[PDB]
Amino acid sequence: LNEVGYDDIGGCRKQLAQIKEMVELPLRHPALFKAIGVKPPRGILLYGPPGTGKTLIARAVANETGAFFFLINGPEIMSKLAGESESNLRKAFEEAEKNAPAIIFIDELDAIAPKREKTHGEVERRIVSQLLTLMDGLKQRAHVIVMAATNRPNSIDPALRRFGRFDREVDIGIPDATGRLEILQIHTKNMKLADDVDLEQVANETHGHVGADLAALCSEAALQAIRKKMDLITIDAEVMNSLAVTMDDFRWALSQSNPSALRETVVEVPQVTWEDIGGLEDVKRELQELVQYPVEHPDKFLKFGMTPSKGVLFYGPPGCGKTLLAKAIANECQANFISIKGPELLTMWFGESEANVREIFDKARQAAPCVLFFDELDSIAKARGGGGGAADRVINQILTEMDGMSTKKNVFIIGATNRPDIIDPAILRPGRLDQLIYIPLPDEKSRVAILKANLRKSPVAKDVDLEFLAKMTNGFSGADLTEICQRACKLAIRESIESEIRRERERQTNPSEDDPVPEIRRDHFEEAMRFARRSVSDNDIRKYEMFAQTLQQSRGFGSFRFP
Amino acid sequence: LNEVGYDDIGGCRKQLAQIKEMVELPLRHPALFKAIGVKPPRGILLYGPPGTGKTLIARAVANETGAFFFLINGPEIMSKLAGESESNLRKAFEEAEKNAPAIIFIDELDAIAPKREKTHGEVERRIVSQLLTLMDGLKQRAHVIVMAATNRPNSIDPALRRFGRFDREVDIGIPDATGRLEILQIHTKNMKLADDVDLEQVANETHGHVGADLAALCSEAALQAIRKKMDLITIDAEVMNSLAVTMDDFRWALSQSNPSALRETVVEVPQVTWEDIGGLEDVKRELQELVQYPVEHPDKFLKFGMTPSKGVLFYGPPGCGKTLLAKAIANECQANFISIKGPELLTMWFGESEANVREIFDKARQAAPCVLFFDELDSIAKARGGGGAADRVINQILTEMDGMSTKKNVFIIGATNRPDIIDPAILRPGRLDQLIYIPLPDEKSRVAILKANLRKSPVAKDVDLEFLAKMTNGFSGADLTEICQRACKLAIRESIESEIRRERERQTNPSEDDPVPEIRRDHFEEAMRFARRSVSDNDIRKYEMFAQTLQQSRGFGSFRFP
Amino acid sequence: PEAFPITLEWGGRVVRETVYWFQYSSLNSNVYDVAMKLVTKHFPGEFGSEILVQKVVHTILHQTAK
């Protein structure tokens with residue numbers, strides 16, 4: 001029972017399902033697969049940030065399928081003297097072959113077989129070649145699947161990614177909010193958590209935490225509770241049964257967290273929805289046609305012989321919900337959403353690291369269906385002045401990757417730019433972000449929806465009329481409405497703290513309760529609106545509306561009558 | 001019968017034929033060769049992306065020719081301890097000598113003899129030197145052909161490419177549509193396939209697959225079908241034979257497949273024909289004269305003592321079919337077509353990788369006769385402002401053009417929307433001297449473009465593409481393709497909406513036909529409401545002025561001859 | 001029709017012309033149209049004129065901004 005199983009592993013349901021489909025048939029029905037005569041998977045390379053329980057996934061698969069599991073640790077193999085490591089590898093593969101079907105897990109593969117450049121000693125190259133020889137010799141070995149864990153696909157010798165070798169690849173990646181919740185539930189099974197804790201809240205608050213990080217967080221909360229109990233006070237269990245961790249402990253652990261994957265590229269289905277940004281019905285329809293249709297009805301496109309549009313380009317005033325729209329469409333199709341902010345493109349430009357663009361697209365290719373979002377495609381263009389041409393290394397690499405990505409994969413590039421003019425024209429050609437969608441300032445309905453979405457997490461007095469606030473906030477971008485909501489919240493918090501200080505001081509001076517401000521009231525929003533600013537002047541919307549009017553005026557040639 | 005043969009090799013019919021020509025007489029008739037004082041091939045070097053079946057090619061050649069096939073594995077040799085690797089190489093060559101005529105296939109040669117810089121340890125250099133010595137001693141060995149497999153020619157030690165060592169080189173490359181279809185037929189032979197599947201369709205779809213990828217795709221489709229049937233149930237044969245793979249399984253595998261050669265340059269005979277781009281009969285004749293004649297009638301050029309033109313430069317509005325024309329002329333002569341887009345030139349420029357230009361031409365040289373096409377020769381000029389007119393990448397292109405032997409039938413075809421900013425040094429004689437104006441398509445050309453675009457899309461007979469072309473005066477090929485795609489989009493949206501309405505009706509009435517089986521005429525009517533002329537009258541004006549300026553200098557027409 | 005001067009500098013040629021601006025329904029001036037008309041009028045059929053159009057658009061936007 002203590003052995004690992006699919007229940008013990010969480011946060012990678014999709015990848016775990018992929019591994020299941022890859023390895024169940026060759027392992028559950030070895031002789032049947034041999035009789036079929038079809039090539040089974042031979043090398044499965046799980047990669048992702050460390051601490052995501054890759055070895056846990058391998059052990060769970062082996063245990064659930066009953067296949068003999070052999071663990072090879074990269075550091076363990078390398079620690080042995082020259083020649084001894086080769087003997088260890090040969091013995092490991094031989095033992096795995098003996099107890100076929102079996103799984104050989106080479107944990108920390110990059111420790112054994114890094115990039116050829118990184119390897120310096122002769123024995124390092126020799127052991128890498130020994131591993132390659134064994135992988136090629138798997139052909140004569142029956143029902144032996146080799147699984148390897150490495151931080152990134154480019155962290156190991158490319159010779160290991162050939163065919164007959166670690167060809168199958170799986171990106172475990174950091175878990176999402178739902179995955180984090182699953183991990184927390186898995187690691188909080190034995191802990192008798194108090195009723196106060198809602199693991200969903202922490203799962204939302206634990207952004208950037210790998211599975212190991214969440215396990216450490218749960219351990220830290222347990223140790224906080226145990227510290228409190230010991231301070232209150234071979235060991236009886238009734239106290240442990242009665243020992244309950246509370247949201248105080250979990251928040252304290254959250255404070256002392258140090259997530260290990262804060263800088264990892266987040267790939268997940270966004271929680272945003274169309275209701276979060278009302279209106280934009282035409283843009284919603286266009287986004288649906290571009291994303292949902294090719295991913296939900298490939299048959300229609302095949303029947304009518306069209307290639308789905310590779311991407312679209314949003315243009316409009318800043319902070320009008322371009323990111324909101326991209327996330328909403330990604331959520332509509334339940335497609336992974338990858339956002340590349342303007343700082344990322346600028347970092348690639350300054351460091352001359354445009355090659356990283358390829359990685360980005362690879363990531364998206366690994367998460368298909370996906371919605372690749374470029375937050376500010378014009379960031380590089382702006383950084384260059386706003387006396388060369390429009391071409392630049394980073395956008396050129398983006399073009400190269402966009403051209404060279406198969407349309408069978410449902411990766412859709414949504415570009416966002418506040419300056420449609422300065423964007424490199426080469427990106428707007430057919431086969432690229434051909435379509436240009438104008439995201440204007442929110443209208444009254446969109447303003448109401450934005451205000452409602454912003455105030456979703458705030459206790460707001462029912463007296464406030466968000467309809468009125470949206471009504472006379474004409475010309476306010478989504479960012480401006482968010483700022484108004486945040487400032488009203490700030491005023492409410494300041495009033496709450498001031499009232500609490502007054503209450504405690506009164507108790508001090510009058511030793512001798514109720515919440516003075518349990519909700520954000522109308523006066524708070526009025527004071528906030530006394531600080532409201534229109535981040536977009538009439539002239540900027542003039543520019544955007546006029547560009548749209550130009551693109552529409554030339555879109556004439558109507559009046560067509562076929563007969 | 002499982003022994004490999006030419007029947008089991010697909011996607012490299014040209015390269016397989018070349019290898020057969022190289023290695024047939026030396027192996028089939030070894031004693032004859034030893035009798036004659038003619039130098040046989042010694043070292044063949046198959047290079048191409050991994051998983052292309054190079055080892056399969058060598059094994060098939062050896063088996064069909066009957067020669068003794070000895071396989072050396074690079075990783076296997078390098079896995080052994082110092083001295084053991086050299087002993088293994090010596091023993092392999094000795095075995096090949098003993099059982100001659102023989103083929104020694106060194107798989108993953110770069111593993112044994114990578115670039116000399118990568119060889120760090122002394123033992124690695126010693127092994128490479130030992131391999132070189134074995135090659136040099138490969139003279140009195142009863143016609144022992146040694147073939148090696150590598151990724152790229154530069155991935156191995158240059159000393160191995162000297163004469164006597166590996167000298168003949170074959171570029172297996174990537175299978176083409178026909179090649180992919182051949183590979184699929186080879187790998188699906190045993191699998192029982194339902195009539196739903198049409199392998200040519202997937203072969204067209206499976207772009208970027210190398211053949212190992214195609215085998216993986218076929219295995220994935222078979223496993224998908226087996227999984228679908230698994231819940232129902234050493235294994236009984238009748239059920240296996242009954243089991244069939246449907247086109248749905250192949251499409252699912254396509255979706256799940258990860259091609260391993262999406263970066264490799266595509267060398268193949270394009271399927272575009274002159275029909276796909278009607279009109280431009282004058283440009284058609286010009287392209288024929290430049291490309292087809294020197295390859296079809298070398299005798300005439302020799303007799304009249306003319307040097308074939310090295311290349312031509314297309315200039316005109318964007319999206320007017322310059323790429324279409326280049327592909328059409330390549331197809332007519334059945335010559336491989338290499339496309340070098342503007343992003344590639346800009347990548348070489350930004351990264352200072354202009355050396356890669358040489359590689360491009362080398363590749364073009366390998367696939368001769370070839371039509372090397374540069375989609376945007378002005379990309380670098382535009383990126384610099386549109387300083388002098390010379391840049392590193394275009395300078396390297398000029399160097400390679402000068403160094404290009406005119407006997408190899410490699411024809412450069414530049415293309416640009418900004419002929420003014422093209423470096424004049426490239427328009428000199430012996431370079432892309434001739435300039436051809438590719439104007440906007442005319443009515444016949446527009447009709448041809450519309451018909452070509454609406455070839456894979458079922459469209460109603462009520463549509464009069466002739467009238468549509470007549471009314472789209474001034475539209476470029478890109479605009480016509482946009483109109484066709486918009487019409488198909490409207491048709492798809494109507495189909496989706498009708499399907500949703502029907503499903504909702506069933507939901508509210510649980511108690512058929514295609515609502516829109518064809519792209520109806522109203523769909524084109526609507527699409528014409530989202531149709532623009534991407535090339536304004538000013539762009540046409542500037543191109544016409546450029547052409548007129550070029551032609552005005554071309555006076556002296558009224559020449560006499562007493 | 002607010003008239004303000006703008007100078008087209010291109011091909012070594014300087015041409016200063018007044019742009020009329022219809023700031024005030026649906027007939028309002030459009031920089032992307034007036035600039036195209038200006039360049040066509042003064043530099044018809046001239047390569048690389050799009051950047052000149054962008055410059056004219058920027059200048060007209062700056063002039064119109066109050």
# chains A, B, ... in the order shown; residues from 1 in each chain; ligands from 1
call {"tool": "residues_around", "arguments": {"residues": "region 514-519 of chain B", "least_positions_apart": "5", "cutoff": "8 Å", "atoms": "only C-alpha atoms", "output": "PyMOL selection string"}}
result
(chain A and resi 304) or (chain B and resi 457-460+487-488+491+494-495+498-499+524)
call {"tool": "write_last_selection", "arguments": {"atoms": "C-alpha atoms", "output": "PDB file, in the first residue's frame"}}
result
ATOM      1  CA  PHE A 304     -13.700  22.905 -47.264  1.00  0.00           C
TER       2      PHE A 304
ATOM      3  CA  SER B 457     -12.444  23.239 -51.748  1.00  0.00           C
ATOM      4  CA  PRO B 458     -15.822  21.907 -52.967  1.00  0.00           C
ATOM      5  CA  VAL B 459     -17.515  24.862 -54.650  1.00  0.00           C
ATOM      6  CA  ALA B 460     -20.907  25.153 -56.322  1.00  0.00           C
ATOM      7  CA  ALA B 487     -15.361  32.524 -48.856  1.00  0.00           C
ATOM      8  CA  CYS B 488     -14.313  29.191 -47.369  1.00  0.00           C
ATOM      9  CA  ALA B 491     -18.950  28.589 -45.672  1.00  0.00           C
ATOM     10  CA  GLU B 494     -22.438  28.697 -41.944  1.00  0.00           C
ATOM     11  CA  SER B 495     -21.878  24.944 -41.693  1.00  0.00           C
ATOM     12  CA  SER B 498     -26.329  25.041 -39.112  1.00  0.00           C
ATOM     13  CA  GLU B 499     -24.907  22.009 -37.314  1.00  0.00           C
ATOM     14  CA  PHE B 524     -18.219  34.592 -52.383  1.00  0.00           C
TER      15      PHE B 524
END
call {"tool": "residues_around", "arguments": {"residues": "residue 2 (chain C)", "least_positions_apart": "4", "cutoff": "9 Å", "atoms": "only C-alpha atoms", "output": "PDB file with N, CA, C and O atoms, in the first residue's frame"}}
result
ATOM      1  N   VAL C  19      -2.037  71.218 -45.343  1.00  0.00           N
ATOM      2  CA  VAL C  19      -3.007  70.148 -45.173  1.00  0.00           C
ATOM      3  C   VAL C  19      -4.268  70.747 -44.577  1.00  0.00           C
ATOM      4  O   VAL C  19      -4.209  71.465 -43.566  1.00  0.00           O
ATOM      5  N   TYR C  20      -5.400  70.478 -45.223  1.00  0.00           N
ATOM      6  CA  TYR C  20      -6.711  70.799 -44.683  1.00  0.00           C
ATOM      7  C   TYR C  20      -7.152  69.665 -43.771  1.00  0.00           C
ATOM      8  O   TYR C  20      -6.974  68.489 -44.103  1.00  0.00           O
ATOM      9  N   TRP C  21      -7.723  70.019 -42.626  1.00  0.00           N
ATOM     10  CA  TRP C  21      -8.132  69.056 -41.615  1.00  0.00           C
ATOM     11  C   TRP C  21      -9.612  69.246 -41.327  1.00  0.00           C
ATOM     12  O   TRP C  21     -10.038  70.340 -40.942  1.00  0.00           O
ATOM     13  N   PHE C  22     -10.390  68.185 -41.523  1.00  0.00           N
ATOM     14  CA  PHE C  22     -11.814  68.190 -41.203  1.00  0.00           C
ATOM     15  C   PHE C  22     -12.019  67.559 -39.827  1.00  0.00           C
ATOM     16  O   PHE C  22     -12.493  66.434 -39.681  1.00  0.00           O
ATOM     17  N   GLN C  23     -11.638  68.319 -38.800  1.00  0.00           N
ATOM     18  CA  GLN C  23     -11.762  67.815 -37.437  1.00  0.00           C
ATOM     19  C   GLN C  23     -13.221  67.571 -37.071  1.00  0.00           C
ATOM     20  O   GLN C  23     -13.537  66.617 -36.351  1.00  0.00           O
ATOM     21  N   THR C  64      -2.474  68.311 -35.210  1.00  0.00           N
ATOM     22  CA  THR C  64      -3.889  68.270 -34.860  1.00  0.00           C
ATOM     23  C   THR C  64      -4.096  68.186 -33.355  1.00  0.00           C
ATOM     24  O   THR C  64      -5.072  68.738 -32.835  1.00  0.00           O
TER      25      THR C  64
END
call {"tool": "interface_residues", "arguments": {"of": "chain C", "to": "chain A", "cutoff": "9 Å", "atoms": "only C-alpha atoms", "output": "PyMOL selection string"}}
result
chain C and resi 29-33+54+61+64-66
call {"tool": "closest_residue", "arguments": {"among": "C:11, C:1, C:27, C:16", "to": "residue 52 (chain C)", "atoms": "only C-alpha atoms"}}
result
C:11
call {"tool": "residues_around", "arguments": {"residues": "residue 379 (chain A)", "least_positions_apart": "3", "cutoff": "7 Å", "atoms": "only C-alpha atoms", "output": "PDB file with N, CA, C and O atoms, in the first residue's frame"}}
result
ATOM      1  N   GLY A 342       6.370  42.036 -23.095  1.00  0.00           N
ATOM      2  CA  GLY A 342       7.320  42.896 -23.757  1.00  0.00           C
ATOM      3  C   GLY A 342       8.701  42.880 -23.146  1.00  0.00           C
ATOM      4  O   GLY A 342       9.697  42.901 -23.880  1.00  0.00           O
ATOM      5  N   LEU A 346      12.240  42.199 -25.129  1.00  0.00           N
ATOM      6  CA  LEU A 346      13.335  43.150 -24.998  1.00  0.00           C
ATOM      7  C   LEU A 346      14.573  42.488 -24.410  1.00  0.00           C
ATOM      8  O   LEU A 346      15.698  42.824 -24.786  1.00  0.00           O
ATOM      9  N   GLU A 376       3.454  42.643 -26.129  1.00  0.00           N
ATOM     10  CA  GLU A 376       3.808  43.877 -26.833  1.00  0.00           C
ATOM     11  C   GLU A 376       4.787  43.503 -27.941  1.00  0.00           C
ATOM     12  O   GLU A 376       5.999  43.456 -27.722  1.00  0.00           O
ATOM     13  N   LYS A 382       9.589  50.033 -30.432  1.00  0.00           N
ATOM     14  CA  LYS A 382       9.618  51.240 -29.616  1.00  0.00           C
ATOM     15  C   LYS A 382      11.015  51.498 -29.070  1.00  0.00           C
ATOM     16  O   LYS A 382      11.488  52.640 -29.068  1.00  0.00           O
ATOM     17  N   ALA A 383      11.693  50.449 -28.607  1.00  0.00           N
ATOM     18  CA  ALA A 383      13.015  50.617 -28.020  1.00  0.00           C
ATOM     19  C   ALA A 383      14.041  51.103 -29.031  1.00  0.00           C
ATOM     20  O   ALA A 383      15.092  51.614 -28.631  1.00  0.00           O
TER      21      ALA A 383
END
call {"tool": "interface_residues", "arguments": {"of": "chain A", "to": "chain B", "cutoff": "7 Å", "atoms": "only C-alpha atoms", "output": "ChimeraX atom specification"}}
result
/A:31-32,35,38-39,122,126-127,129-130,132-133,162-163,300,304-306,387-391,393,396,399-400,404,408-409,554-558,560-562
call {"tool": "write_last_selection", "arguments": {"atoms": "N, CA and C atoms", "output": "tab-separated table (two decimals), in the first residue's frame"}}
result
chain	number	residue	atom	x	y	z
A	31	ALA	N	3.47	-9.74	-24.55
A	31	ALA	CA	3.46	-10.75	-25.60
A	31	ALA	C	2.54	-10.34	-26.75
A	32	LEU	N	1.39	-9.74	-26.42
A	32	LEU	CA	0.49	-9.28	-27.47
A	32	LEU	C	1.16	-8.22	-28.33
A	35	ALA	N	3.60	-9.85	-30.61
A	35	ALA	CA	2.91	-10.51	-31.71
A	35	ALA	C	2.42	-9.50	-32.74
A	38	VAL	N	4.46	-4.12	-34.12
A	38	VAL	CA	4.54	-2.67	-34.21
A	38	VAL	C	5.57	-2.19	-33.20
A	39	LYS	N	6.29	-1.14	-33.56
A	39	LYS	CA	7.36	-0.63	-32.70
A	39	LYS	C	6.76	0.03	-31.47
A	122	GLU	N	37.53	12.09	-20.95
A	122	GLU	CA	37.32	10.96	-21.86
A	122	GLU	C	36.28	10.00	-21.30
A	126	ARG	N	32.87	8.38	-22.84
A	126	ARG	CA	32.75	6.93	-22.90
A	126	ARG	C	31.45	6.45	-22.27
A	127	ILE	N	31.08	7.01	-21.12
A	127	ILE	CA	29.85	6.57	-20.46
A	127	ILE	C	28.64	7.02	-21.27
A	129	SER	N	28.55	7.28	-24.51
A	129	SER	CA	28.49	6.34	-25.62
A	129	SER	C	27.98	4.98	-25.16
A	130	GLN	N	28.34	4.57	-23.95
A	130	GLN	CA	27.82	3.32	-23.41
A	130	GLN	C	26.31	3.39	-23.26
A	132	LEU	N	24.27	5.30	-24.99
A	132	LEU	CA	23.70	5.26	-26.33
A	132	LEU	C	23.71	3.84	-26.89
A	133	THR	N	24.79	3.10	-26.66
A	133	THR	CA	24.87	1.73	-27.13
A	133	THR	C	23.79	0.87	-26.49
A	162	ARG	N	17.73	10.70	-30.88
A	162	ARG	CA	17.52	10.08	-32.17
A	162	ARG	C	16.38	9.06	-32.06
A	163	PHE	N	16.12	8.34	-33.14
A	163	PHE	CA	15.11	7.30	-33.14
A	163	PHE	C	15.71	5.99	-32.65
A	300	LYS	N	-14.51	20.10	-40.64
A	300	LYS	CA	-15.05	21.14	-41.51
A	300	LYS	C	-13.96	21.77	-42.35
A	304	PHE	N	-13.75	21.70	-46.45
A	304	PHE	CA	-13.70	22.90	-47.26
A	304	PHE	C	-12.29	23.27	-47.69
A	305	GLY	N	-11.29	22.48	-47.31
A	305	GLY	CA	-9.94	22.67	-47.82
A	305	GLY	C	-9.34	24.02	-47.51
A	306	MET	N	-9.44	24.46	-46.26
A	306	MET	CA	-8.80	25.69	-45.83
A	306	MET	C	-7.72	25.39	-44.80
A	387	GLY	N	18.93	54.32	-37.68
A	387	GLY	CA	18.06	54.70	-38.77
A	387	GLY	C	17.75	53.53	-39.69
A	388	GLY	N	17.64	52.34	-39.11
A	388	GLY	CA	17.37	51.14	-39.87
A	388	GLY	C	15.90	50.98	-40.18
A	389	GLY	N	15.58	49.83	-40.78
A	389	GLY	CA	14.22	49.50	-41.15
A	389	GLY	C	13.47	48.86	-40.00
A	390	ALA	N	12.29	48.34	-40.33
A	390	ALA	CA	11.42	47.76	-39.31
A	390	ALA	C	11.89	46.40	-38.84
A	391	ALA	N	12.75	45.72	-39.60
A	391	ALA	CA	13.18	44.38	-39.23
A	391	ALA	C	14.10	44.42	-38.02
A	393	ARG	N	16.05	41.46	-34.98
A	393	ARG	CA	16.43	40.06	-34.81
A	393	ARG	C	15.32	39.26	-34.14
A	396	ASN	N	12.30	38.93	-36.34
A	396	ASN	CA	12.68	38.07	-37.46
A	396	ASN	C	12.66	36.61	-37.04
A	399	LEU	N	9.10	35.51	-36.90
A	399	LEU	CA	8.62	35.20	-38.24
A	399	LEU	C	9.13	33.84	-38.70
A	400	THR	N	10.41	33.56	-38.47
A	400	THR	CA	10.97	32.28	-38.89
A	400	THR	C	10.25	31.12	-38.22
A	404	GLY	N	7.66	28.21	-39.89
A	404	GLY	CA	8.09	26.83	-39.82
A	404	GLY	C	7.34	25.97	-38.83
A	408	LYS	N	-1.08	21.65	-38.46
A	408	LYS	CA	-1.80	20.56	-37.82
A	408	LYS	C	-1.86	20.77	-36.31
A	409	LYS	N	-0.75	21.18	-35.71
A	409	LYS	CA	-0.77	21.59	-34.32
A	409	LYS	C	-1.62	22.85	-34.17
A	554	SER	N	-10.65	51.02	-47.47
A	554	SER	CA	-10.07	50.27	-48.57
A	554	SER	C	-10.68	48.89	-48.71
A	555	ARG	N	-11.36	48.40	-47.68
A	555	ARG	CA	-12.06	47.12	-47.76
A	555	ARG	C	-13.40	47.33	-48.46
A	556	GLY	N	-13.37	47.98	-49.62
A	556	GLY	CA	-14.57	48.23	-50.38
A	556	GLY	C	-14.86	47.09	-51.33
A	557	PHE	N	-14.89	47.37	-52.62
A	557	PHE	CA	-15.12	46.36	-53.65
A	557	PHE	C	-16.37	45.54	-53.36
A	558	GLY	N	-17.27	46.08	-52.54
A	558	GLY	CA	-18.57	45.50	-52.34
A	558	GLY	C	-19.41	45.68	-53.59
A	560	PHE	N	-20.70	43.69	-55.19
A	560	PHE	CA	-20.51	42.57	-56.10
A	560	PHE	C	-21.82	41.84	-56.32
A	561	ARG	N	-22.09	41.51	-57.58
A	561	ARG	CA	-23.26	40.71	-57.94
A	561	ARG	C	-22.82	39.67	-58.95
A	562	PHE	N	-22.82	38.41	-58.52
A	562	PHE	CA	-22.17	37.37	-59.31
A	562	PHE	C	-22.78	37.19	-60.70
call {"tool": "residues_around", "arguments": {"residues": "residue 544 (chain B)", "least_positions_apart": "3", "cutoff": "10 Å", "atoms": "only C-alpha atoms", "output": "PyMOL selection string"}}
result
(chain B and resi 316+437+439+538-541+547-550) or (chain C and resi 45)
call {"tool": "write_last_selection", "arguments": {"atoms": "N, CA and C atoms", "output": "mmCIF file, in the first residue's frame"}}
result
data_model
loop_
_atom_site.group_PDB
_atom_site.id
_atom_site.type_symbol
_atom_site.label_atom_id
_atom_site.label_comp_id
_atom_site.auth_asym_id
_atom_site.auth_seq_id
_atom_site.Cartn_x
_atom_site.Cartn_y
_atom_site.Cartn_z
ATOM 1 N N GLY B 316 8.436 43.065 -58.763
ATOM 2 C CA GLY B 316 7.048 43.399 -58.951
ATOM 3 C C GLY B 316 6.322 43.544 -57.632
ATOM 4 N N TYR B 437 9.951 41.759 -64.956
ATOM 5 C CA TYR B 437 8.855 42.398 -64.250
ATOM 6 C C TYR B 437 7.683 41.432 -64.169
ATOM 7 N N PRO B 439 4.134 41.690 -63.326
ATOM 8 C CA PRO B 439 3.046 42.613 -62.989
ATOM 9 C C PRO B 439 1.899 41.920 -62.279
ATOM 10 N N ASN B 538 -0.526 53.398 -56.792
ATOM 11 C CA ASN B 538 0.787 54.017 -56.651
ATOM 12 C C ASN B 538 1.899 52.978 -56.721
ATOM 13 N N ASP B 539 1.686 51.803 -56.127
ATOM 14 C CA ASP B 539 2.689 50.747 -56.209
ATOM 15 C C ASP B 539 2.871 50.285 -57.650
ATOM 16 N N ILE B 540 1.761 50.053 -58.350
ATOM 17 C CA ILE B 540 1.849 49.707 -59.762
ATOM 18 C C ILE B 540 2.551 50.818 -60.522
ATOM 19 N N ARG B 541 2.263 52.069 -60.164
ATOM 20 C CA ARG B 541 2.882 53.195 -60.848
ATOM 21 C C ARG B 541 4.392 53.164 -60.684
ATOM 22 N N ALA B 547 10.301 49.890 -64.565
ATOM 23 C CA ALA B 547 10.441 49.124 -65.798
ATOM 24 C C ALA B 547 10.674 50.043 -66.988
ATOM 25 N N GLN B 548 9.964 51.169 -67.036
ATOM 26 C CA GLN B 548 10.127 52.108 -68.136
ATOM 27 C C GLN B 548 11.522 52.711 -68.138
ATOM 28 N N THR B 549 12.057 53.019 -66.958
ATOM 29 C CA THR B 549 13.421 53.525 -66.882
ATOM 30 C C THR B 549 14.411 52.485 -67.380
ATOM 31 N N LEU B 550 14.216 51.224 -66.996
ATOM 32 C CA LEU B 550 15.112 50.176 -67.477
ATOM 33 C C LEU B 550 15.031 50.036 -68.991
ATOM 34 N N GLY C 45 4.392 57.325 -57.658
ATOM 35 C CA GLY C 45 5.214 56.231 -58.146
ATOM 36 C C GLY C 45 6.637 56.280 -57.640
#
call {"tool": "atom_distance", "arguments": {"atom1": "CA of residue 113 (chain B)", "atom2": "CA of residue 87 (chain B)"}}
result
16.0 Å
call {"tool": "interface_residues", "arguments": {"of": "chain C", "to": "chain B", "cutoff": "12 Å", "atoms": "only C-alpha atoms", "output": "ChimeraX atom specification"}}
result
/C:36-51
call {"tool": "select_by_dssp", "arguments": {"residues": "region 363-478 of chain A", "states": "helix (DSSP H, G or I)", "output": "NGL selection string"}}
result
:A and (363-366 or 379-383 or 393-403 or 425-428 or 444-457 or 466-472 or 478)
call {"tool": "residues_around", "arguments": {"residues": "residue 26 (chain B)", "least_positions_apart": "5", "cutoff": "9 Å", "atoms": "only C-alpha atoms", "output": "PyMOL selection string"}}
result
chain B and resi 31-34+40-41+101+143-145
call {"tool": "select_by_dssp", "arguments": {"residues": "region 319-536 of chain B", "states": "strand (DSSP E or B)", "output": "JSON, numbers by chain"}}
result
{"B": [336, 337, 338, 339, 340, 370, 371, 372, 373, 374, 410, 411, 412, 413, 414, 415, 416, 434, 435, 436, 437, 459, 519]}
call {"tool": "residues_around", "arguments": {"residues": "region 327-338 of chain B", "least_positions_apart": "3", "cutoff": "8 Å", "atoms": "only C-alpha atoms", "output": "JSON, numbers by chain"}}
result
{"B": [265, 266, 267, 268, 269, 270, 271, 272, 273, 274, 284, 287, 288, 291, 292, 295, 323, 324, 364, 367, 368, 369, 370, 371, 372, 373]}
call {"tool": "residues_around", "arguments": {"residues": "region 4-20 of chain A", "least_positions_apart": "6", "cutoff": "9 Å", "atoms": "only C-alpha atoms", "output": "ChimeraX atom specification"}}
result
/A:44,52-53,56-64,170-187,211
call {"tool": "atom_distance", "arguments": {"atom1": "CA of residue 419 (chain A)", "atom2": "CA of residue 364 (chain A)"}}
result
25.4 Å
call {"tool": "decode", "arguments": {"residues": "region 26-41 of chain B", "atoms": "C-alpha atoms", "output": "PDB file, in the first residue's frame"}}
result
ATOM      1  CA  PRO B  26      32.699  -2.700 -57.919  1.00  0.00           C
ATOM      2  CA  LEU B  27      30.682  -5.251 -55.921  1.00  0.00           C
ATOM      3  CA  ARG B  28      28.752  -7.266 -58.515  1.00  0.00           C
ATOM      4  CA  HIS B  29      31.900  -7.668 -60.650  1.00  0.00           C
ATOM      5  CA  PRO B  30      34.851  -7.224 -58.277  1.00  0.00           C
ATOM      6  CA  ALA B  31      37.338  -9.394 -60.142  1.00  0.00           C
ATOM      7  CA  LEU B  32      36.511  -7.541 -63.355  1.00  0.00           C
ATOM      8  CA  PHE B  33      37.404  -4.273 -61.632  1.00  0.00           C
ATOM      9  CA  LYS B  34      40.663  -5.683 -60.277  1.00  0.00           C
ATOM     10  CA  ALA B  35      41.500  -6.728 -63.838  1.00  0.00           C
ATOM     11  CA  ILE B  36      40.922  -3.241 -65.263  1.00  0.00           C
ATOM     12  CA  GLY B  37      43.056  -0.343 -64.076  1.00  0.00           C
ATOM     13  CA  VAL B  38      40.077   1.834 -63.132  1.00  0.00           C
ATOM     14  CA  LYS B  39      39.758   3.394 -59.689  1.00  0.00           C
ATOM     15  CA  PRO B  40      36.617   2.175 -57.880  1.00  0.00           C
ATOM     16  CA  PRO B  41      34.760   4.206 -55.267  1.00  0.00           C
TER      17      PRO B  41
END
